[PDB]
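So the structure is just underneath, and the comments pick up after that.
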Amino acid sequence: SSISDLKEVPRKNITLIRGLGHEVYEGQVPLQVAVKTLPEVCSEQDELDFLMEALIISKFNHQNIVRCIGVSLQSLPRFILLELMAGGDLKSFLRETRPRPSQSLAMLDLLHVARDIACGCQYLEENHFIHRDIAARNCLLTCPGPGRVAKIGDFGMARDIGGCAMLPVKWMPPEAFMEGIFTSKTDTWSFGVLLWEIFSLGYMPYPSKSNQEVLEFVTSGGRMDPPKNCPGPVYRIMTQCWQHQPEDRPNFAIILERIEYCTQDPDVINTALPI
Ligand SMILES: CN(C)/C=C\C(=O)c1ccc2[nH]c3ncc(-c4ccc(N5CCN(C)CC5)cc4)cc3c2c1
């Protein structure tokens, strides 16, 4: 990978439309786009990171990983231009889309989100890339409705490679938080936690545990209980992703196979979500 392949977009062809989250803007180049901005008030490390992020995303070619449209790095502030994901982050989506008595989502919808991200993770694994921060917050949706596609969006944590209290320990396997060891099997564990996040409809993992308690709990063999109404076949995938020894955890080909089996079982997909 070289900056050579990074398409530089003349800054004069780029217009910011609105803020989206604290930052990312909606933009136009008339091609609509997410614009990730590098602060002008940024460290020297921050700059090389920003460039790293663009190279990293630009080398992937997969439906379930956000596309990089280009960069505008010869002007300040520096921009990466990314696929615009109208549905927003998966965590907010699950929270906002929770069925309420005055009311959307079904089990098959959740399974399709899970499948989409697993497919993205399988691509990363077969290309020897370790994401290191698979979590609902880092996944994006093309749109809110039935045609939605989930994609992996945030390639910042992989690019970092901070402090103790900034580690996403609720998403990390023991060898990651104890030893700083990261493999393909790290992302498998994280995927298990993301699954829980999906089937809980956007709850925080280990509800009412702090980071240090989770660390002690997980190290001791403790695992989350199933999310409310979670089908058994789905919970079983989660508990396999959370095997204590990485070699006992499934790869993403196996995970994808198991998710696909779930989508074929009427007893799974006819399960109602809690209201
Ligand atoms: C979140 N994240 C993962 C951050 C860094 C990234 O790496 C990244 C990369 C490419 C992206 N493309 C996008 N296209 C739309 C959005 C977006 C759209 C709408 C919202 N909303 C609606 C309702 N919501 C509750 C409040 C605002 C939020 C985000 C984000 C990205 C994006 C992020």
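Taking helices (runs of 4 or more DSSP H) that fall entirely within region 206-272, which contain at least 1 residues that are buried (at least 18 other Cβ atoms within 10 Å of the Cβ) and either in contact with a strand residue (DSSP E or B) (Cβ under 7 Å, 6 or more places away or on another chain) or of a type outside the set (A, V, I, L, M) (or both)?
Because the criterion is at least 1 residues that are buried (at least 18 other Cβ atoms within 10 Å of the Cβ) and either in contact with a strand residue (DSSP E or B) (Cβ under 7 Å, 6 or more places away or on another chain) or of a type outside the set (A, V, I, L, M) (or both), the helices (runs of 4 or more DSSP H) in region 206-272 that meet it are 232-241, 252-264.
Considering (1) more than 11 Å from the ligand (Cβ to nearest atom); (2) surrounded by fewer than 22 Cβ atoms within 10 Å (Cβ to Cβ); (3) under 24 Å from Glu247 (Cα atoms), say which one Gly163 fails and leave the rest.
Of everything listed in (1) more than 11 Å from the ligand (Cβ to nearest atom); (2) surrounded by fewer than 22 Cβ atoms within 10 Å (Cβ to Cβ); (3) under 24 Å from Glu247 (Cα atoms), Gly163 misses just condition (3).
Quick one: is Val113 within 13 Å of the ligand (Cβ to nearest atom), of a type outside the set (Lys, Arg), within 17 Å of the chain's Cα centre (by Cα) and closer than 25 Å to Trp189 by Cα?
Judged against the criteria, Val113 is not a match.
With the condition being polar (S, T, N, Q) and not assigned by CATH to the domain that holds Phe79, I'd like the strands (runs of 3 or more DSSP E) fully within region 1-65 carrying at least 3 qualifying residues.
Counting at least 3 such residues, we get no strands (runs of 3 or more DSSP E) at all.
Just for region 166-183: of the residues that are hydrophobic (A, V, I, L, M, F, W, C) and under 21 Å from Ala136 (Cβ atoms), which one is nearest to the chain's Cα centre (by Cα)?
Among those residues, the one meeting the criterion is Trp171.
Might you let me know whether region 88-110 holds any residue that is touching a helix residue (DSSP H, G or I) at 6+ places or on another chain (Cβ under 8 Å), of a type in the set (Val, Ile, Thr) and within 15 Å of the ligand (Cβ to nearest atom)?
Scanning region 88-110 turns up no residue that is touching a helix residue (DSSP H, G or I) at 6+ places or on another chain (Cβ under 8 Å), of a type in the set (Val, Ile, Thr) and within 15 Å of the ligand (Cβ to nearest atom).
Applying the selection to region 142-160, what residues are among the aliphatic types (A, V, I, L, M) and either exposed (fewer than 15 other Cβ atoms within 10 Å of the Cβ) or under 15 Å from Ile198 (Cα atoms) (or both)?
Across region 142-160, the qualifying residues are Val149, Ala150, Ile152.
For neighbour counting, all protein chains shown are included, and Cβ atoms are generated from backbone atoms with ideal geometry for every residue, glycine included. Numbers and lists here come from the model and the stated rules, or from a named source; no laboratory read-out is quoted.
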